[PDB]
2 protein chains.
Amino acid sequence: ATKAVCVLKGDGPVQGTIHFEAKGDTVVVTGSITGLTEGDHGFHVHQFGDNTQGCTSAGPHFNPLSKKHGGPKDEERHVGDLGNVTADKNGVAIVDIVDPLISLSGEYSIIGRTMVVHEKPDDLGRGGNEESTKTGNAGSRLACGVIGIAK
Amino acid sequence: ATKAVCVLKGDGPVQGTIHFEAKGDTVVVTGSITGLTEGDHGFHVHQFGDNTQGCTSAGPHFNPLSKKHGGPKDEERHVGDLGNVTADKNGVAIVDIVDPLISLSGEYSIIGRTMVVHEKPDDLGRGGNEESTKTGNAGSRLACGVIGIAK
Ligand SMILES: [Cl-]
Ligand SMILES: [Cu+2]
Ligand SMILES: [Cu+2]
Ligand SMILES: [S]
Ligand SMILES: [Zn+2]
Ligand SMILES: [Zn+2]
């Protein structure tokens, strides 16, 4: 698979459509998210495409190598760690990520997994406490969607 | 994956949760759909896990072998043709289907595709008209969801 799409929804006003495209050994992640507070918000692929209990049932960050949480630039990171998206004064975050670790096929395929955008910034694993090494202290899950095959 | 899940939502009252489990070369499909009118309702895997335009953007019945529409027991069928679910008087349909054609991995994988429940019964390709060989005349799409990897 070379194209995927994800519609983010939550209990509040956050929404967005994310597109995925395979290019070489990377995945290009594009789209926009609206309704956010100005500033940074954590943004990750979570393990399960399970929305039975809202974004809660998505489980943890997708982490098949059982590594510590980090930023997308770090060698020590979860597969699903895509860092922060940034919303402007208008609550609009332009998603523009090129990632070498997520994939649309094979063992690290994120097809059928969940994108989650968070209430607060991802500290990228540098917060100094145990929770930073797991979730980056990005806080509550505002909106999420299951990643699907796109035309 | 070897287990999957799908949360159905729509513009009306129909909702549901579908569960999938791989057993040998079959998929065991369980769960329930609520808010339906009494009787049979068409139930299919559609091609795209694309919820940008409600259930419309899911595309046609999942049909990688380019066959005509049928019932689940027929040799001539779409991969996605799971037939009819049956709602009782209180509008609840209990889903209990074991299928040898859909898969949760490999070429026939439905991970990242869409489950759709329909307005009318599926005539299983035996209606006699042009639409019967394409959709089974199941009518409008009441609810849908992207099929996600489950724990
Ligand atoms: Cl088709
Ligand atoms: Cu997250
Ligand atoms: Cu259908
Ligand atoms: S359809
Ligand atoms: Zn992480
Ligand atoms: Zn069909």
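So the values come out like this:
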| item | result |
| --- | --- |
| Conditions (1) surrounded by fewer than 22 Cβ atoms within 10 Å (Cβ to Cβ); (2) away from ligand 3 (no atom under 16 Å from the Cβ); (3) within 14 Å of chain A (Cβ to nearest Cβ); (4) under 14 Å from the mean Cα position of the chain (by Cα); number of the one not met by B:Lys9 | (2) |
| B:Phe20 vs. criteria within 14 Å of chain A (Cβ to nearest Cβ), aromatic (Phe, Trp, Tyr) and within 14 Å of ligand 4 (Cβ to nearest atom) | no |
| Lone qualifier among B:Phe48, B:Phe20 - being assigned to a loop (DSSP other than H, G, I, E, B), hydrophobic (A, V, I, L, M, F, W, C) and either more than 16 Å from ligand 6 (Cβ to nearest atom) or touching a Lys or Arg at 6+ places or on another chain (Cβ under 7 Å) (or both) | B:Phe48 |
| Within the stretch B:51-64, considering residues that are part of a helix (DSSP H, G or I) and touching a residue at least 60 places away in the same chain (Cβ under 8 Å), the one farthest from the other protein chains (Cβ to nearest Cβ) | B:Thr56 |
| Hits in the stretch A:93-151 - residues which are in a strand (DSSP E or B), over 13 Å from the mean Cα position of the chain (by Cα) and within 12 Å of chain B (Cβ to nearest Cβ) | A:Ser109, A:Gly148, A:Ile149 |
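Every residue, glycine as well, gets a Cβ built from its backbone with ideal geometry; the counts of neighbours run over all protein chains shown. Every read-out reported here was derived from the displayed coordinates using simple, explicitly stated rules and does not represent laboratory data.
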